[PDB]
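Just one chain is shown here, as structure tokens, and it is the form deposited in one PDB entry.
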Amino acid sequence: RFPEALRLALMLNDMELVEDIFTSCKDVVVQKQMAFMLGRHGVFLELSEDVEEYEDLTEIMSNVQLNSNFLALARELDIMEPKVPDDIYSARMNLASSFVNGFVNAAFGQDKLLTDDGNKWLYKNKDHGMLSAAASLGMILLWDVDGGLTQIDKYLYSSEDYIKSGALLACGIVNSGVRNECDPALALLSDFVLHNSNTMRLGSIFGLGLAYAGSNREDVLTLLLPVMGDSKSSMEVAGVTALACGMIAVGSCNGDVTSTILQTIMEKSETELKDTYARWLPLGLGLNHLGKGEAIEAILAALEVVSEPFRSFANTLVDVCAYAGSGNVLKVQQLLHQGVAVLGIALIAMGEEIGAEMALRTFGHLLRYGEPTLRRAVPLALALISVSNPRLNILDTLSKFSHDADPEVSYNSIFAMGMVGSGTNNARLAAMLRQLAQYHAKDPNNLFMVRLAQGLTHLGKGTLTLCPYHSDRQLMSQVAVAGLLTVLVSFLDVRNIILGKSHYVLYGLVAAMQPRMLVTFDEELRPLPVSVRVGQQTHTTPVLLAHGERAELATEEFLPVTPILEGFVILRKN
């Protein structure tokens, strides 16, 4: 009974076990099922070309067919029509609309703004807002590598540097989660990582980080690591480079990135480590050690030389990253600088439900009576612990604290409502956002957060999720966690990172985007309609599961190869 073993092994996070059990099998269709599981988990394992069905197992692992099945389900629902931003309802509102359009139309390669000629929209934006506008094209064309690049290529030759940087970022985005074997992204992006213009460096490096977040490629890391030591690199470029390297090397314990990050910290003046882009350096370090637990002491000891104010931040962030999956009661006691502390409480507690409910009570207490500075991060922790999970109590709390006189609590509460409801058409939440949009009219920043939350609620027109867990809520996608942490750590300085120049980091959410649709196949990977009983009623598949539902097929005619009816399942005959 092979399929269970590979689940348990993937939980153990051990490469050797994964490859040991993914072979040592006398069936092929079971290997195809395990390949679908690995593809969902974002693990790609290299196989010898002499294995019995190398071509198809490789084709499955690289999610090449994901786009076609997703568009097939989009044809079943009859939802291919584009939704302009005004249907959901200054430069800052053009940018807000661009983001709404990108979120809503994600994974359908259609749009009414970025038409055949997108200059008409791009030149209504300016500077970084125009960069993120150009970057949104790659979010609309997600997982469509061939058509994505065919559409993006026109902007790669623009005279405007912001548009070219956004096209580079789009080219990176369209390569996320697909791992095609021709390497279009390394060939297209790698010439700009040391470009003279820093905006080009930011776009190329973030694109490469998103395109290769799955695997710790040695060539991409050797390309990128020099850029943190370049004397022309801004602190923003060094931070983005550390983010990219930690995403690419996430959970790998790669020593050369670790040493490079420590060297880049040790070089920086006590005056520069005050720059808030410096917070991305230990974030990349934690991503490099995410979930490795007690092994982190060696680096905690190496960090002892760092300046005292920065030391608290680096140590806390790296420690809570190392234990992100642990669900350790004692580290939670230690955490019970402060913002990263509460984010680490959520990051650790999300691994089990009793700890998560105690965390929810703690976060409510902190929002009501906590330190005035400490409560600023609490809504982001509430977002992290309950992404794509529209709990009524959480949404009520955030709606209460959505008017708070302290602007950052309001901003973070609104963003947390948008995240919690992401990928769900919840009508209560949509009405809340519409009312808060009427209240926060004539308030550009709160209105911007409201528009972001509105767009995020309708992400994919209801067909996408951001939850990091999958397969019966028992396996954690490290790339999803890395993207979510990138965004929320950037939101611990929302007024200067997100509302400033660097809102392009919101596109890190693409690393966590996944489909929430069930699909059944015959042993030939051919769409096989069956009837299912989705509980916690009947429908004709492919059907959409919500956060906590279990789907069962209501006849004994077919038997599934995997015990878990999540994602893609191959079905045998009697």
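Throughout, we count residues from 1 along the sequence that is shown.
This next part talks about the form deposited with a partner chain bound, which is not shown.
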**Study point:** Heavy atom within 4.5 Å of its partner chain in the deposited bound form - the one residue of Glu297, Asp256, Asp230, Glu76 that qualifies
**Key:** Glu76
Check your understanding: Out of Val29, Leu509, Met61, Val543, which one falls within 4.5 Å of its partner chain in the deposited bound form, going by heavy atoms?
Key -> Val543
Review point. Taking heavy atoms and a 4.5 Å cut-off, does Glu308 contact its partner chain in the deposited bound form?
Key: no
Practice item. With heavy atoms only and a cut-off of 4.5 Å, decide whether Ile88 touches its partner chain in the deposited bound form. Key: yes
**Study point:** its partner chain contact in the deposited bound form: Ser68, any heavy atom under 4.5 Å
**Key:** no
Check your understanding: Does at least one non-hydrogen atom of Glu81 fall within 4.5 angstroms of its partner chain in the deposited bound form?
Key -> yes
Practice item. Please determine, with the chain shown alone, which of 519 to 527, 543 to 551, 45 to 53, 30 to 38 has non-hydrogen atoms within 4.5 Å of its partner chain in the deposited bound form. Key: 543 to 551
Review point. All three of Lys268, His337 and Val340 touching its partner chain in the deposited bound form at 4.5 Å, heavy atom to heavy atom?
Key: no
